[PDB]
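Residue numbering for the sequence shown is 145 to 175, as defined by the deposited numbering.
All residues carry an ideal CB built from backbone N, CA and C; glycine is no exception.
These notes concern the structure reproduced below.
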Amino acid sequence: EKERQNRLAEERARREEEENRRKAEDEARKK
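Written out as structure tokens, the structure is:
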């Protein structure tokens, strides 16, 4: 269970950092 939950949690965090760098490069284009 913990293996599964941690895997899903890192998948979530990776998607989150994807969106963060994405908004970052968007703002960069606005610059």
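Coil, strand or helix - residue i by DSSP
i      : result
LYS175 : coil
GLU145 : coil
CB contact below 7 angstroms: residue i versus chain C
i      : result
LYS174 : No chain C is part of this structure, which consists of one protein chain only.
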